């Protein structure tokens, strides 16, 4: 059976199943999936470009721009000029956004800990290191 060990299918199924579990929690706390992805991606971060945010949230750039229009209207994020290049808009989470998502982030950590507990610390760390290395090799 081709798909049983095919890496892209394994990554896609694992990603969807784990993410869907936490998205239920996010929505019961009043967050859309994309709002949660943006705020979690910006929390504890220096300002990053719209393109970087689109990559780390796995969201198309025009979609991200529309999302930021409304999240900025609500005071949860702020767009800023890049200090040097003007073709570049940076974005950051505001204090309002951070306080809004703080509790959800703790719940997200608890859920991740539950997901990784059966694998043990060594296998969990190996998985995260491999995923990080793969991202850094394949990002454009």
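Numbering follows the first chain given and starts at 1.
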Of 121-129 and 13-21, the stretch whose C-alpha atoms average the higher B-factor in the entry: 121-129
When the C-alpha temperature factors are averaged for each of 53-61 and 76-84, which stretch ends up with the higher value in the entry? 76-84
Looking at the entry's B-factor column for C-alpha atoms only, identify whether residue 106 ranks in the lowest, middle or highest third of its chain. highest
Where the record places residue 99 (Cα B-factor, split into thirds across the chain): highest
Temperature factor at the Cα of residue 112, chain-ranked in thirds, falls in the lowest
Chain thirds of CA B-factor: placement of residue 71: lowest
The third of the chain into which the C-alpha temperature factor of residue 37 falls is the lowest
